[PDB]
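Enquirer: can't give you the sequence, but here's the structure:
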Ligand SMILES: *[C@@H]1O[C@H](CO)[C@@H](O[C@@H]2O[C@H](CO)[C@@H](O[C@@H]3O[C@H](CO[C@H]4O[C@H](CO[C@H]5O[C@H](CO)[C@@H](O)[C@H](O)[C@@H]5O)[C@@H](O)[C@H](O[C@H]5O[C@H](CO)[C@@H](O)[C@H](O)[C@@H]5O)[C@@H]4O)[C@@H](O)[C@H](O[C@H]4O[C@H](CO)[C@@H](O)[C@H](O)[C@@H]4O[C@H]4O[C@H](CO)[C@@H](O)[C@H](O)[C@@H]4O)[C@@H]3O)[C@H](O)[C@H]2NC(C)=O)[C@H](O)[C@H]1NC(C)=O
Ligand SMILES: *[C@@H]1O[C@H](CO)[C@@H](O[C@@H]2O[C@H](CO)[C@@H](O[C@@H]3O[C@H](CO)[C@@H](O)[C@H](O[C@H]4O[C@H](CO)[C@@H](O)[C@H](O)[C@@H]4O[C@H]4O[C@H](CO)[C@@H](O)[C@H](O)[C@@H]4O)[C@@H]3O)[C@H](O)[C@H]2NC(C)=O)[C@H](O)[C@H]1NC(C)=O
Ligand SMILES: *[C@H]1O[C@H](CO)[C@@H](O)[C@H](O)[C@@H]1O
Ligand SMILES: *[C@H]1O[C@H](CO)[C@@H](O)[C@H](O)[C@@H]1O
Ligand SMILES: *[C@H]1O[C@H](CO)[C@@H](O)[C@H](O)[C@@H]1O
Ligand SMILES: *[C@H]1O[C@H](CO)[C@@H](O)[C@H](O)[C@@H]1O
Ligand SMILES: *[C@H]1O[C@H](CO)[C@@H](O)[C@H](O)[C@@H]1O
Ligand SMILES: *[C@H]1O[C@H](CO)[C@@H](O)[C@H](O)[C@@H]1O
Ligand SMILES: *[C@H]1O[C@H](CO)[C@@H](O)[C@H](O)[C@@H]1O
Ligand SMILES: *[C@H]1O[C@H](CO)[C@@H](O)[C@H](O)[C@@H]1O
Ligand SMILES: *[C@H]1O[C@H](CO)[C@@H](O)[C@H](O)[C@@H]1O
Ligand SMILES: *[C@H]1O[C@H](CO)[C@@H](O)[C@H](O)[C@@H]1O
């Protein structure tokens, strides 16, 4: 009643707020160039008035999906983004130049100039995310007869990012939270996905990605090492416990609606992703006063990692939403399959929600299935109610919400917060993203090798966009 309604409304605010944070007509970000996604309009305490390759990549993939589903008015936004990326790719920065590491640079100034101070660089997820966002649009272009745009503009840009992923996946860098210098799950997971989908896209435009092909199975191989036997290790080279919403994000951003409950790829309904979900969420239950009194069967406010001290370490809107989004994704998957399986690995996850849980297979007409899917949906929705509870009255969503009183804190109107609302809502409604080919890319090689493949680098110039109609 309350929730369903709040969401319809929030989805509208979320779409507007996002556009307000994109140049060069964005109402909140005067100064940002055309196609530049600003993290937040907050210029002071904290200063988030920059454009991050990850943030923009995530937001744009979200907008691309809205567009393909009928939000035709987002066309110019997407086109501006792509054109801005042709320029950014060639900007010389502390990470290097186009062909010498430049692509791994985390953030840039909104005016498209390099950010030259000290930063946790490089961040190798960036290029994989940007490539995923473009491939989605490039697919639309091929399907609607704009073959030339797809082949001469998108492909060349994706080609750069994919060469980067193939070349450096096997090197340390900073995590998505920009603090741990090592090897991180999220990064590895989104890289694997980009290579696979880059390869298919390349073939579709009449070309190839030999380096996509040789490296994908190796990244997948390596990805298996993050499973500890209990949960997904967020990063190697860390002294933390390793329980981090990074791993939830990793699953949801690599969710393929055609995939079964594959452990190799950590799908939302995979026993490993389910076991992981409980361990990560449970880590926040006793550290936030806001969670005081809630039982193990109830949704709680979720932060990044239990050890977080950032602004004292508080719940984040996007983290809380990720916790719900994974569940909506699993429900979808179970429904499509027509069954749900409970294993020894996922028993704790299920039992906390449905105390009569026992291992076995449960068809969709079975009493147990109905019992579990209801409890799961209720649980997922509870995460969303927490968000509704703490959002501003006009719908404004901040980065964080206070661990004790739930007031909004840290960067205001965070673009990533709004994109996270949209995808969770979509998933809640059975609106899923296009497949990335997970079904021909979940086989793990017998032996993992520490390797790379060098692709090719070439600067792209976007002279003009054909007069596309949608
Ligand atoms: C829902 O409603 C909310 C509530 O109104 C809307 O949010 C508000 O949006 C406006 C813009 O439309 C923001 O205005 C901008 O404010 C900053 C200053 O912000 C700091 O100070 C604020 C006030 O400080 C005093 O008053 C408060 C009020 O009670 C006291 O609490 C304080 O103690 C002080 O006494 C303060 O409110 C701000 O806090 C918010 O942000 C922080 C940090 O991110 C959060 O932690 C907080 O929780 C809180 O959310 C903040 O501390 C100005 O700097 C901005 O001016 C720039 O932009 C103008 C145009 O937008 C321009 O005219 C100016 O010249 C200036 O331009 C410069 O900066 C731009 C970048 O932003 C550049 O692009 C530009 O080139 C140039 O360099 C602006 O005035 C409000 O801060 C914001 N308020 C809140 C509470 O968030 C919200 O948008 C609505 N949502 C929807 C979906 O509609
Ligand atoms: C480049 O690619 C190669 C090839 O894929 C990568 O090499 C593999 O590296 C993984 C990760 O180190 C490694 O797996 C380790 O094997 C050890 C021996 O079998 C294990 O002792 C070790 O255990 C850690 O991880 C477990 C989960 O897998 C945890 O349960 C366990 O507690 C350990 O975790 C703690 O210790 C680590 C230290 O390794 C610490 O950083 C953690 O934060 C945590 O505190 C691993 O299982 C494979 O054996 C390697 N494979 C090969 C063929 O050598 C290489 O890492 C890649 N390099 C980069 C930078 O990407
Ligand atoms: C993931 O993909 C592999 C093929 O690479 C399949 O064997 C598996 O069944 C799943 O579809
Ligand atoms: C599944 O396919 C992979 C490649 O994607 C192989 O390396 C593996 O051995 C299995 O045949
Ligand atoms: C890394 O290793 C693989 C095989 O182990 C090679 O094929 C590759 O060229 C790189 O040297
Ligand atoms: C990636 O790194 C490998 C090293 O294993 C090189 O052989 C390859 O040329 C590329 O630089
Ligand atoms: C990897 O190595 C190849 C071979 O030298 C280069 O052409 C490519 O630019 C990348 O550096
Ligand atoms: C790698 O390959 C691309 C395209 O095949 C070239 O344009 C580039 O100069 C490099 O040789
Ligand atoms: C490498 O490839 C790009 C994309 O086609 C060109 O713009 C550049 O001139 C070089 O041939
Ligand atoms: C490719 O890179 C060149 C510089 O090497 C740029 O001038 C061009 O704008 C594109 O970014
Ligand atoms: C795109 O094309 C222009 C030439 O028309 C180059 O100068 C630019 O670097 C990019 O390759
Ligand atoms: C538009 O025009 C420039 C100059 O010829 C090209 O380099 C660019 O790739 C696009 O075709």
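Expert: Now that the structure is in, tell me what you want to look at. Numbers count the residues shown, from 1 in each chain. Ligands and ions are numbered 1, 2, ... in the order given.
Enquirer: nearest residue to residue 448 other than its sequence neighbours?
Expert: Residue nearest to residue 448 in three dimensions, not counting chain neighbours: residue 221, with 3.7 Å by CB to CB, 6 or more residues apart in numbering. For the C-beta atoms, the positions are set from N, CA and C on the backbone; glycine is no exception.
Enquirer: my guess is the one you found contacts residue 445. True?
Expert: Yes - the criterion here is CB atoms under 8 Å, and residue 221 meets it with residue 445 at 4.8 Å.
Enquirer: the two: who's more crowded?
Expert: Comparing residue 221 with residue 445 by other CB atoms under 10 Å, the one with more neighbours is residue 221, at 18 against 12.
Enquirer: how about the contacts made by the more buried one?
Expert: Residue 221 makes contact with 444, 445, 447, 448, 449, according to CB atoms under 8 Å, 6 or more residues apart in numbering.
Enquirer: which one of the residues you listed is nearest to ligand 10?
Expert: Taking CB to the nearest ligand atom as the measure, residue 449 is the one of these closest to ligand 10, at 32.2 Å.
Enquirer: and that closest one, how far is that from ligand 7?
Expert: 17 Å (CB to the nearest ligand atom, to the nearest Å).
Enquirer: for that residue, which non-adjacent residue is spatially closest?
Expert: residue 218 (6.0 Å).
Enquirer: tell me which element the one you found is part of?
Expert: In this assignment (DSSP states H and E), residue 218 forms part of helix 210-223.
Enquirer: does that helix come close to ligand 4?
Expert: Yes - against ligand 4, helix 210-223 shows contacts by CB under 6 Å from any ligand atom at residue 217.
Enquirer: past that helix, which element shows up next along the chain?
Expert: Immediately after helix 210-223, counting by DSSP H and E, sits strand 235-236.
Enquirer: picking that back up, make TSV out of the contacts of residue 221 and add secondary structure and distance to residue 232.
Expert: Output for the contacts of residue 221, formatted as TSV (DSSP: H, G, I helix; E, B strand; the rest coil; distance: CB to CB, whole Å):
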residue	secondary structure	distance to residue 232
444	coil	16
445	coil	20
447	coil	22
448	coil	17
449	coil	22
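Enquirer: ok now do residue 134, which residues does it touch?
Expert: Shown in contact with residue 134 (CB under 8 Å, 6+ apart): 82, 85, 154, 157, 158, 161.
Enquirer: next, the last one: secondary structure please.
Expert: Following DSSP: H, G, I helix; E, B strand; the rest coil, residue 161 is assigned to helix.
Enquirer: hang on, isn't it packed against residue 128?
Expert: Yes - between residue 161 and residue 128 there is a contact at 7.1 Å, judged by CB under 8 Å.
Enquirer: which of those two has more residues huddled nearby?
Expert: Neighbours were counted for residue 161 and for residue 128 using other CB under 10 Å; residue 128 has more, 30 against 27.
Enquirer: I'd like the distance between the more buried one and residue 57.
Expert: Using CB to CB, to the nearest Å, residue 128 is found at 8 Å from residue 57.
Enquirer: test my guess that residue 343 contacts residue 269.
Expert: No - using CB under 8 Å, residue 343 makes no contact with residue 269, being 11.3 Å away.
Enquirer: between those two, which one's more packed in?
Expert: residue 269 (25 against 18).
Enquirer: the one residue in the chain that gets nearest to ligand 11: how many residues sit nearby?
Expert: Per CB to the nearest ligand atom, residue 461 is where the chain lies closest to ligand 11, at 2.4 Å. Each residue near residue 461 was counted by other CB under 10 Å, and the total is 10.
Enquirer: ok, it - contacts?
Expert: Residues near residue 461 by CB under 8 Å, 6+ apart: residue 86.
Enquirer: doesn't it lie inside a helix?
Expert: No - counting by three-state DSSP, residue 461 is not found in a helix; it is coil.
Enquirer: this protein against ligand 9: which residues are in contact?
Expert: Counting by CB under 6 Å from any ligand atom, the residues of the chain that sit close to ligand 9 are 156, 458, 459, 460, 461.
Enquirer: pull out the buried members of the contacts of residue 221.
Expert: Among these, the ones that count as buried by 16 or more other CB atoms under 10 Å are residue 448.
Enquirer: out of the contacts of residue 221, who's nearest residue 202?
Expert: The shortest gap between residue 202 and any of those belongs to residue 445, at 21.4 Å (CB to CB).
Enquirer: sounds good, over and out.
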